[PDB]
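In structure tokens, one chain follows: the form deposited in one PDB entry.
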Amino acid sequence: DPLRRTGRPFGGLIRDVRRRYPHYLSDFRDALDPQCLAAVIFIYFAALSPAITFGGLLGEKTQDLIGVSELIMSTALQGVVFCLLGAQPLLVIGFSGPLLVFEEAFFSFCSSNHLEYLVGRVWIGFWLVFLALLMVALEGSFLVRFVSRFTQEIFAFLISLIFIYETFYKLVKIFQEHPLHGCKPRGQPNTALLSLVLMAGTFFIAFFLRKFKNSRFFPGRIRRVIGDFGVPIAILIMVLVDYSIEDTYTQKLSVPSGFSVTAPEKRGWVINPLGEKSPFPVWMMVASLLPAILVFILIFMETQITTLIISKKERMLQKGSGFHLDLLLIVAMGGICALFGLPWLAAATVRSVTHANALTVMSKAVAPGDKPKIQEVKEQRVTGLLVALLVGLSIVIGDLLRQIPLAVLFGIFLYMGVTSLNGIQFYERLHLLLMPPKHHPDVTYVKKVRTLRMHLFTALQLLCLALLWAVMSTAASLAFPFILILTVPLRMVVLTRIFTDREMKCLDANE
């Protein structure tokens, strides 16, 4: 049991190191496969685009202190280091909305109280490093044993729903700013419809090529090779399609040029821990502990839940995972980066899931039978390193990246969001709310429990998810991780009383 209290200092870290490191040379040898290259190509864009979007947003919110170049450098460096020395290379680390909310709140607080914005973050990082070291020393990462399925399912469903909603909402603004009237360009004709056509075409091509993979046409080898290259093929096809058109205007991908800070007139690479232009008050030296706890809670919750989700026994992960080394590495890297004015990073989730399930191999299921069961996942240390390296050097190139419209990427994002719902018991039980009781499948949680009890369980889960979404939307969005943690006591106290033992084992089974 990896999540066992050894009883000795740094015991969990040492156990993880001995468990994972022996299979080191095998990690790099398992990269000889076309699926690896397809995964690299697919994940490069998924990692790059959010970096640019969030960098633009962060630059807009702050007074041009953190922009896009800093975010790109931070992502590249942290990803490279984590994939070189991490224990779970199937994790993609990048900005997250909660981080943006916290950064904006901290900037507002500093402006209100007349304090430097890039000086407090250094002390926040110092406190974060100290807290991570203290927690790893005491083996406090064993508490993940109490994060059951009732929380992982809610987290995954909420993340996927938010992803889909954001992708859909990014397209309404194009119609709002380019209305259909007829007679930084604004008010252009033939733009809002061309964007929609491009996005729909990309999505449908990707979906069709995914379906063709499991079909009975063509030889098996060629069919599988083409099926695993669907996303690049769709991207290439519609990029060419929009390139053919000449007079219409579409928004392109914008990547800054030059490895330099956004505002060199008032910034530098190295930030003095003390005041840079005026003395830093001492009272803030020790008062920085409070935001450090919040940042640590956010990062820990996100990373641990993502690692739990991508390590389910249904998925065939053979080399093993580690909950101690990964957290230490991520928190230390985040704390150290603040000394250079770079933002913090954490495991993505949707990107991590799309990366993990893009390397899976499905076994033949004969003519009849259920959906083919997972055979292997093919983990290695080459894909993530390559993705991070490519994202880091996306500045030297960028003339080619300027010929790619954003509407094409919106379809890929929608395809990523829709396919991430597969493998969640909550989603599968949501279908049963519409099917008649005689058509329910032969799963364990169907024969051993009554239909009404399962429906009540699903309704309670939906209520919790709706409450979490409502909390996130409200201005008090910094308390989301705290509200998420409350699900564990809920399951431990209320659900045990409401439901019987057999029902709880059947619905909330570990495997």
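Don't overthink the numbering: it's just position in the shown sequence, from 1.
One more form of this protein exists, namely the form deposited in another entry; it is left out here, but the text below deals with it.
Considering only the two-part rigid motion between the shown form and the other one (each C-alpha going to the part whose superposition fits it better), are residue 313 and residue 85 on the same side?
Yes, both C-alpha atoms fit the same part's superposition better.
Between residue 196 and residue 41, does the Cα distance in the other entry come out closer or farther than in this form, changing by 3 Å or more?
Pair moves farther apart in the other entry.
Against the shown form, C-alpha atoms of residue 83 and residue 421 in the other entry: closer or farther, for a change of 3 Å or more?
Farther: residue 83 and residue 421 separate by 3 Å or more in the other entry.
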